[PDB]
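Take a look at the structure below.
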Amino acid sequence: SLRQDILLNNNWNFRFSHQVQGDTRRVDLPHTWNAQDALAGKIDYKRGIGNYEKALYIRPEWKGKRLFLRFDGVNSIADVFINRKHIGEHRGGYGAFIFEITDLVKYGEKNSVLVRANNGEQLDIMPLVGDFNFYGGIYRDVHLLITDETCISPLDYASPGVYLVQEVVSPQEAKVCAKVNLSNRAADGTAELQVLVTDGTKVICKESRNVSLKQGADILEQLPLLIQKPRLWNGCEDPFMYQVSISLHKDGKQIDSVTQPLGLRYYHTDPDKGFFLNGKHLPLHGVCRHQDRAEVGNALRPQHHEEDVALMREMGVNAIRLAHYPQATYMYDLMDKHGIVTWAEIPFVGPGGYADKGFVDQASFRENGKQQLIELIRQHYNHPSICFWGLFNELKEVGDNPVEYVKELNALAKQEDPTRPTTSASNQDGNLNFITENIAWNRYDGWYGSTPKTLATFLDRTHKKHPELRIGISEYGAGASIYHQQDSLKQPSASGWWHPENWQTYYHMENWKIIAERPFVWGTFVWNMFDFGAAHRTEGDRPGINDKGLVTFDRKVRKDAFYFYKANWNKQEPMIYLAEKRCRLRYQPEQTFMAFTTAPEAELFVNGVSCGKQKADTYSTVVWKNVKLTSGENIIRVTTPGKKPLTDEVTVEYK
Amino acid sequence: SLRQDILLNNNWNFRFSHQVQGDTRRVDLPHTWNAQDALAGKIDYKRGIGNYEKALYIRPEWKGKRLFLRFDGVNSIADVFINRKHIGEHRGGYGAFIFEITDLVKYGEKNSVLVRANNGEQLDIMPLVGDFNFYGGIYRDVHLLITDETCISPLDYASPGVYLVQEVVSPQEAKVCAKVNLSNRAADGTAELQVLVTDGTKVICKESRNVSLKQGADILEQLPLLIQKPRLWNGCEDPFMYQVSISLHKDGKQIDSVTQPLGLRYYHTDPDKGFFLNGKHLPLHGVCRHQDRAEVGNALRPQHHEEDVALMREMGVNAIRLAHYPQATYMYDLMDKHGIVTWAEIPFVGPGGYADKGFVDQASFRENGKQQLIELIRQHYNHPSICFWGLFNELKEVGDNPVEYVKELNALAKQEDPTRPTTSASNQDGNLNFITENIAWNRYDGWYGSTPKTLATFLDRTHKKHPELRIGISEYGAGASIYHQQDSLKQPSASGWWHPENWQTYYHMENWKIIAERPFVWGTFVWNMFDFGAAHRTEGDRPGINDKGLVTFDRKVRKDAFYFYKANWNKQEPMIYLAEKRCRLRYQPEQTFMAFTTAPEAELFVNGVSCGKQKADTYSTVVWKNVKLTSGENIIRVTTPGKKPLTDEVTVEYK
Amino acid sequence: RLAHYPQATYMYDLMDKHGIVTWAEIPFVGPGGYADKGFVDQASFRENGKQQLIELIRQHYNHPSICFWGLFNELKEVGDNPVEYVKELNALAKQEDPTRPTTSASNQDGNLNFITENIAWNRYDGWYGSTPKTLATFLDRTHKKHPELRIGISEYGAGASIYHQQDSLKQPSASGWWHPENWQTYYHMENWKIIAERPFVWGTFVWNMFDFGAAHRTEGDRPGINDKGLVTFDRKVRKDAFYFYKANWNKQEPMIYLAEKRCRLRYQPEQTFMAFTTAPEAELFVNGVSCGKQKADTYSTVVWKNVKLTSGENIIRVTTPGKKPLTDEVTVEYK
Ligand SMILES: O=C(O)[C@H]1CNC[C@@H](O)[C@@H]1O
Ligand SMILES: O=C(O)[C@H]1CNC[C@@H](O)[C@@H]1O
């Protein structure tokens, strides 16, 4: 009677097609075959076909039901076979996809499921280029879905089949259109469709409709909902969601059901005053996050998403840009749950300072880009956290000019979802910046040359020249190795093998001050919350890594800048953090010590003797200058005021 | 006034897309990037995108002409850009392709030509699998073609635009339909089309037609030709060809012209008596040849084709199977010139003893297969040497079953060219063998197990059970290293690291005797004329090589079997060849010496002392038994009779 | 010169058999234009070097072909200075075998050149920069300044791919991916003329008879190869310079060889054809029509200038005099 969702992750037989003999090894999903070679900095890591095969017992009692194989993600092309007969293809590495196998299997026996995954280079599947790894394989879950022959359809771009369209939302009332896809393979007849909105045990809406479904029908039903005096999803202040059950009934029996969240809110972006959520100004304190991790590549487990979100909330993050592609359903779920305003985007990624192009002007590429956009929007439609749809990152006009195609994507986004604005992330001047509703730039003033001050100049000049633009900062950052430490502050070469941590700290303190004074900037996103994989990189403390994270690739170590942001953004958790603790060897005659704290002041101790109190500045920073160390070991301690104080401590050597 | 054909092979800038920085190196076409890694036996050799860029000066005086970039071959996908704007894509590694660039260039300046070549794995472009290397890149010539605005069209699958259809051919008369594609971009008006057939300075046909061509017209004209008492293209006996000039004229001025050969013949294949050319039985003494070579991979220069053909003619080859794909125009030209009956085929290649599949049942694969077949037939239509179109090699029915698709390809071949029969090369029993007009099998009785005798049993049983089949042998062979030698004859393990030359010799002598007695076998083709590259191989004297050649990979050394065939097939060139000369170390008490000769007998000398004469058998082999060597060095000499004899000699050591 | 190490007994046997005067050497090899050092000054290295020298001399003592023992190739004094150790090796060679002189192959000025009885230099004037003429200047100046030195040329050469061809003569970048065959031909003709006029040079050795393996190379028509051979790595193809030397050095075997046959595509308005022959003269034919005879010069070279080709295919033939002549032929395309 109930819909079943069966995980098919364990024990698949794997081999590369370049291994011609046919023998296989066991693997377990999520899986990528690029977790060792790409992460070792091998620039020509394996990009081609890997094959997964599993024997699936089709239970006799599933006869009469409908059966679907749903894939959460396979990078980048998947060809699926049942009993070695081809059933379909998916092109795109980040969107879910589904095939019905109801009439393709033999009931009561083992059937072969074969997936031939290809992450070889293509010129007709975005992303074509990018500063990250194109990890190959079935790197998200695989499900066997089992439903009634009359069901809420899972066949609409592999979405849940329900779109809760937020037409009008205010504190007085919300009008929602529940769009429901129905799929019928039963004999001609009827069913009753019910849409139930609840808050815990309390019933908020219950709307019903009798529907006549022809054999073979695949149709869209639209049920209007009205909620009086709604409780709004209000970011981290109150991430409230209703639950919606959508169900089908025949003769007073429920025969199918799906649940989706309903987090109601309204928003706008003001060119002069920034982002407003539910009628109130909201600074977007944002970071970016790639979907990979040390040692496992992009084969992330649920605890990895959970941990990433825990670290961001610890830091006081209230906004995120999930670059550079559609990410996991579970990850958008955590954004919903924790109230994090989210920018979600398609992988329409340009070259940046590197070679080749993000756009190749041929129908196959362009049609496939539209498919990946429709996938993004339909598959992730109901997540309240998503407040912006991103259409590109660092495209450029030279050669194949993407401006007209990006206009087509913008119009398609607005058609698919008029309830959210489009955005984009640019490193260019010119017409590419004037298509999406909001615009943002990737700025590295003070890292890739210049000084942080030119970010202030760029922001002010652009805002004055183009007062209609809603200006954001879609990336800003600096590299750091936790193993590169020096007593003095000196700007390093960005592309070199020396990325002292103190420069990243300096960079973020200076850039944050510029942002904090400019409320017309509707959101800013640190590049990046975590170090991440990019095989071609040859910089910092090891190849193959982009080290602009606030936290290391294995999520183990928070860099000093993490705590600068935590003090400023997470003000209600008491803390004190001494900066430059990893710089154990000191040689400067005049030592400077610096702490980040939520307290109004702090006290410094050197070798157990107080150096006195210093006040925190407006950026939660306390600084002591001309501190005198003695030759050899020195114990440095900082303490907040109060009867029960907080402390941080380190032993440094002075010579 | 004249059509120009300008080679664009020298000095291109190259880089891999996995090299992200943008710097390049000079390369010169023909080029493959897999001439070192695949040939070293690296099984995961580079399969992905390589980029070639060249500045092309567009001369001011070309304004008013039409300009085309014609590619003879790029493996396997090519995306072409002019001034970095995409102009088109080709999918398929072995057929020619063309783009007009007339209205895409700036006249009087340098224009960028960029080719982005991809040999990454695909499941929608045959060949999907195969016992050979998928060498990537622009491995054949690139041309700039310059024509009048009214021209014999080069735009019909990049063919010459002229199809000389051999409708009826006999010694009394030949009826030919000259099909001519015309392309017009001039203002509405007329031109005169002339088709001129000559034999040296003698005029055989001259047919003319006035044609009215609308602006933008792309049309087909058909001019009937009648040749009384023709001189026929008759294989190696008389490879005679007429020359055909096809020209366009305006106001008594020739404005365009193309030349094509006309080699007239008729043929049939008899299920009981074999192949008949021009009404006369012709044993097809065939070999196969791949288009690669030591050190250069498939980036063959003209002297490489010329040399390969010289070696085959030296051996008395009169038939060839140019496996496993469309090969170079120049190579089919040499077959025409030297009278070699040719099997040409599409790369519809199955796995053999290896994993995966030759057929993936999806529209993209199937449509692309049809395109590669149409390319093959239209591009190579006028070569008299081609007498069979091959549709597949070792497909199998399990999983995706290609039988119905192969029937579609057979019907398409017959539509495109009713003047040649279809054929195929099978390693299967069953329905796949009953589609093409002729059928052939790949047989390794005595190499991959069993004994040569079971080839005789298979041939006789099949012929008796299925008397309607025209049976051929599309492959037969055995491996040999010239560096593996042993005094005794012992069958080696096929997959092992020991391939003694004497077993390959034994294999071919025994298999040839079986074939020679069976005239119902219409043709047999040795696998292979030359050792060739197959990165995944781990056998013989080094990895990465299929060593079943009669001649080594560098074309330097002829193995003993080469001379067995030469004695039997090239009977009018006097020769004597002592076998087993490379086996320098002898230990058998009773030595056997063996020579291949065109003479009726030969004489053996050991240490300058005659051992007497022995008669050649029916297979041009002379054998001396129980020859007594003395400890240490022995000089062995064999001599033909006559006042001016031929000799072969070797020094062996006996111990 | 069987560089850069003791080679097979069977190879020295063939030198004995065929009468080839042989330089045999130990692998005491320096870096040349590359990094690191040929000499590391520690007892283990030095004692092992002496062992390899004693091995060379005792193992190959009886080969008449061996007339020189080579002690090093391109060592340099900077850092660990091998001069004193090379003197020790020289004294050891003379002790082990007073019946042969020592020699060495240098790319340096200074004291390293004054230890062995004969000395030789590796010279690439006209390949690694400069012009062949500076070889003549170096040889004459050294000989005048140091009249006691027995001066040889232990290496001279230029790279060539048989797949790199161009109608015009232009010096390529040595380290680049374009090594046109005609520059190697030019290089050897010019250097040979300089050597031939200087009998005080006791021996000269082409680097190299064959292309050979050097994994770190990234030049010519493929990586991993030193392409200065007169013959290709697989021993299949003789480059044009092979036949220049054959005409000059093997005078009693009649021959004619047309140069630049691999350069099939011609575009120069005025074509030059060049043949190497043992004959006193030869005749050129273009499309079956004689262009007349030309005399061979003192270096067995015959040259025809301002030859007129017609658009498209041209058949070029050269023939020696006599009732039974020798010929060489090629078809080129002119456009
Ligand atoms: O250079 C960087 O670190 C960033 C520049 N903007 C685009 C990012 O993908 C890239 O990682
Ligand atoms: O095993 C072999 O050597 C041959 C078997 N038949 C197919 C060929 O491609 C293959 O090379």
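Numbering starts at 1 and runs along the chain as it is shown here.
Note that Cβ sites are derived from N, Cα and C of the backbone, with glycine treated the same way.
Listed features, source Swiss-Prot:
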ACT_SITE  B:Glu394  active site, proton donor
BINDING   B:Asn393, B:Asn442, B:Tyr448, B:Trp527, B:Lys548  D-glucuronate binding site
Which residue, out of the binding-site residues B:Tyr448, B:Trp527, shows the minimum number of other Cβ atoms inside 10 Å of its Cβ in this structure?
B:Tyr448
Rounded to a whole angstrom, what is the C-alpha distance between B:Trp527 (D-glucuronate binding site) and B:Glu394 (active site, proton donor)?
14
Of these binding-site residues, B:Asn393, B:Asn442, which scores lowest on Cβ atoms within 10 Å?
B:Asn442
Cβ-Cβ neighbours of the residue listed as 'active site, proton donor' (radius 10 Å)
26
Expressed in angstrom and rounded to a whole number, the D-glucuronate site built from B:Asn393, B:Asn442, B:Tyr448, B:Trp527, B:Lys548 spans a maximum Cα-Cα distance of 18
Cβ neighbour count (within 10 Å, all chains shown) around B:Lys548 (D-glucuronate binding site)
27
Please report the DSSP secondary structure of B:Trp527 (D-glucuronate binding site), reduced to three states.
coil
Here the Cα-Cα span from B:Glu394 (active site, proton donor) to B:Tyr448 (D-glucuronate binding site), rounded to a whole number of angstrom, reaches 16
